[PDB]
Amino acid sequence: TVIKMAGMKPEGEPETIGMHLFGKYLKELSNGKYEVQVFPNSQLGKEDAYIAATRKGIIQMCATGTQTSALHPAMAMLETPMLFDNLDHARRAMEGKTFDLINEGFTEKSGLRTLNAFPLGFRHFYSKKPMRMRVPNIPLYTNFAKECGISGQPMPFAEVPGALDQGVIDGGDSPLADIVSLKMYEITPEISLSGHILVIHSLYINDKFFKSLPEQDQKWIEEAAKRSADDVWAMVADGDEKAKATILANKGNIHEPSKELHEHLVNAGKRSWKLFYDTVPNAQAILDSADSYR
């Protein structure tokens, strides 16, 4: 049985590594019965298209992030700005009650089942000088850019390399995995560490397709998703260290916001939670659960 999975990231990036590991593990556990074909880097379209294709069952699985907030506002809270103190905090929440609260009701709305949660990494600024900034076209990001006084230029990730090459935008903010993967520092060499948001993605599965399988097969899929997520949680920290080094080796600079700007981002981050209180019925409970794991 072939499972087609689409994603949005290049090879060597944690989402994509995750996808392959899931594939490797699932073949293992199911004894060669299931094979997974991985289509990363928007090969089967960008997020809106491949999410829709997965909802329809045209493909069985997809890897993405808070893009699915379009279908279920609470999903945005997977990337609540300023919510987690570090990766370990976020992992406790994401393997615990916080994820459960966020995911309640999602499948009913979407036709998708969220199988795991794993990080791509904290977002840091990249720019030509230490401003037309790229932002993802997702509400939580356009809102947050505003609160930061940033002039946001919404565009899908797939368009980022051309946008950089084209030379009108001055920067953006991304996980280090993405900054290094796209060699952003060659064009926008100045990175400022902020970590205002931790990017969290998931492997999603067409729910109809999933529930059509034997309870045993469902278990192997679930175990493969868990193992794969566990691997990614364990590799991002080490990778960000090497990424930071790499930037500093290759004419890149790393900066430290100033007290004054750090404060400006935190407040911006806290203000941006109105978006969730406005849009997510159980926002306070979700926030409370995350705080319980601190």
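Numbers for residues come from their place in the sequence shown, where the first is 1.
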Gap size between residue 131 and residue 130, counted in deposited residues that the entry leaves unmodelled
4 to 9
Would you determine, from the values in the PDB entry, which of 38 to 46 and 259 to 267 has the greater average C-alpha temperature factor?
259 to 267
Taking the recorded C-alpha temperature factors, which stretch has the higher mean, 143 to 151 or 115 to 123?
143 to 151
With respect to the C-alpha temperature factors reported in the PDB entry, which of 174, 216, 194, 103 ranks highest?
216
Sorting 60, 69, 30, 64 by Cα temperature factor from the record, which one lands on top?
30
Residue 11 by Cα B-factor - lowest, middle or highest third of the modelled chain:
middle
Using only modelled residues of the chain, where does the Cα B factor of residue 76 rank: lowest third, middle third or highest third?
middle
Would you check the entry's CA temperature factor for residue 99 and let me know if it's in the chain's lowest, middle or highest third?
lowest
Is residue 204 in the lowest, middle or highest third of its chain when residues are ranked by C-alpha B-factor?
lowest
Among modelled residues of the same chain, the CA temperature factor third for residue 232
lowest
